[PDB]
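Quick heads-up: the structure tokens below are two forms of one chain, split into structure 1 and structure 2.
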Structure 1
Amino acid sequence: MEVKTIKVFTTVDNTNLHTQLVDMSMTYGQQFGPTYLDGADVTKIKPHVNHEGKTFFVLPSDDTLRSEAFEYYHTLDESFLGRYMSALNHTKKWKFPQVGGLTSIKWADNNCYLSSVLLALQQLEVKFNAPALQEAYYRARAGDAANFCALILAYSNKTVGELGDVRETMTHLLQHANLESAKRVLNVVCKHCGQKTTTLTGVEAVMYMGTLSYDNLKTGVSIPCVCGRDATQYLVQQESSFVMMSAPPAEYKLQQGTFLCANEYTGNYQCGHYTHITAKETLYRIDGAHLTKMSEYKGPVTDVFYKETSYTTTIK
């Protein structure tokens, strides 16, 4: 009587692939040591029939690479390198077309959201503090993006094939970004409770949820208040290279010269599709490899980016 088994490919360097039969009655960890798949740690799970034909990255339990990981990736997650390298096995099969002067990604593995993230970052005066992360970013700006995309999946804790959210991904990435002197002061006014000032730094200084308009936030936006009533919140002061304004996808107008770039989202919360809109001499809509130009635009938008240096309001 034969043992239940599956054929999988194995690799310790993403170049060389060895065929392996895996025993179904033992975790991968028992058989190969620390093992990773599609950006997931599978060291402690048993083989599954659906894993047949997959490539797995094995990475011995060394903990010398733990020093490497810290210094080069700014992470103390022992699973990070494995997750990163198993992802890299996929992202190296992704194509990266140069479209309207930027690096984008050809549709595969639900990577539309990563395409938006990649497209957007290239237009921001932003930079990353983690050396390997920055170098990967650099290379992706020159057209060689497989590594950056794998790190993005890895820092965001996503697997290859997984639907995703640009704003959520940006929040993970920007933790590693050069935002140490980004600064935001907001004032909230409630008739009942009164007036309160809030000072933010880092990610929270450049990212906002509730409106797509940088004008609305300066002129005031309605927000619910502790007391239950609706109160007004507006931008007192902003020191940063850029801002990212987000909101649930709504029909929205983009006018050349009033923004940097933005993400269109069609569909619903359960399943949707991202494309990216940037402004050169005219509006470019980038849908992976496919490009459309247009002098104006209207559609479902959920993040809009703007260039910034210093702002001071003219309200009390």
Structure 2
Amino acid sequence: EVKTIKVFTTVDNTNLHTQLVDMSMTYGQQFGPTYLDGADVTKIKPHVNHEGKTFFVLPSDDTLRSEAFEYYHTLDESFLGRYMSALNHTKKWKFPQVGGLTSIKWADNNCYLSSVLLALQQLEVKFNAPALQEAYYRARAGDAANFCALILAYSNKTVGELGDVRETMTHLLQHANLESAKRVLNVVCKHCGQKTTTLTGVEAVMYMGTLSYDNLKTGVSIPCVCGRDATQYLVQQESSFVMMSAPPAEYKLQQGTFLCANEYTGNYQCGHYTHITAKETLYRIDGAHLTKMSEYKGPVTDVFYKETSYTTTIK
């Protein structure tokens, strides 16, 4: 009496698993939450046209679990479910080429996601998670629907939510290949001598305090645990880039002094991001809109700088 069909189920779109599907039970009763080309089919009973089709399932058992972990580098049970929810909307976005880079046309408050994708395309970074790396390669070719949905899944954000660019970068750089990133900082207090700390990974490339890379190299005033105020300065930096951040203040961007930057108009309840990169002239990329300019002076919150190796001249 039981009548079945043959399908493939997967969690990483590479390892296919052959499955005999009872046509009298829904895909949910047999596999749990199931998707077919993104479309949720958990409540749907098999159709004869589903023969040989590939179905996305969540890692219910042990084989799928390790397979999903090698692909996404996360154990969050709800990750793939949240990835599919964001992907429903991100497939409808438009990714036009702007100034040589893939941008995101305005929709669903994706201006902070637009600044992330733009900044990434100017940095020499790789992703350790194979799902992020494959989706990023497709993103540089104007096919960024998967990459944006993954970014929302790793950041625990949903479509339509306002977002923070630097926070989003922090989540994705955890899955970046920053193993060789090294940063050495000195804390010079006139009472409590000198102090050296070495930072690695994401902490070696990101900094919160000033937008100026030179400020970090000459001296930043930092509180001292003893009670005074000491000066922090960069001793050694080994990475392909650095990211300086600060609360949105008004700042003058000069050509030939930085790689790219993000600016923020508004307050801490609602604002708008636009991206500024440096090619032949200063480019301003506001979603699908491009604007060239000689000078720029506005409310900057993130600034990126190219880097290979820097050693201080101070002692």
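Take the two forms, superpose them, and find the largest set of C-alpha atoms that agree within 1.5 Å; that set is the rigid core. Please note that residue numbering is based on structure 1, beginning with 1 at the start of its sequence.
S.K.: Once the rigid core is superposed, exactly one of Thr266, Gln255, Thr282, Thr64 has its CA displaced by 2 Å or more between structure 1 and structure 2; which residue is that?
M.R.: Single hit from the list, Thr64.
S.K.: With both forms fitted on the core, give yes or no for whether the Cα of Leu76 moves by 2 angstroms or more between structure 1 and structure 2.
M.R.: No, its C-alpha moves less than 2 Å.
S.K.: After superposing the rigid core, is the C-alpha displacement of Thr302 2 Å or more between structure 1 and structure 2?
M.R.: For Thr302, whose C-alpha is compared between structure 1 and structure 2 after core superposition, the shift is less than 2 Å.
S.K.: Does the distance between the two CA positions of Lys93 reach 2 Å or more between structure 1 and structure 2, the core being superposed?
M.R.: No, the C-alpha moves less than 2 Å.
S.K.: Rigid core superposed, I'd like the Cα shift of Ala142 between structure 1 and structure 2 in Å.
M.R.: Rounded to one decimal, the shift is 1.0 Å.
S.K.: With both forms fitted on the core, how large is the C-alpha shift of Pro34 between structure 1 and structure 2 in Å?
M.R.: Once the two forms are fitted on their core, the shift reads 5.1 Å.
S.K.: Having superposed the rigid core, state how many Å the Cα of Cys190 shifts between structure 1 and structure 2.
M.R.: Once the two forms are fitted on their core, the shift reads 2.2 Å.
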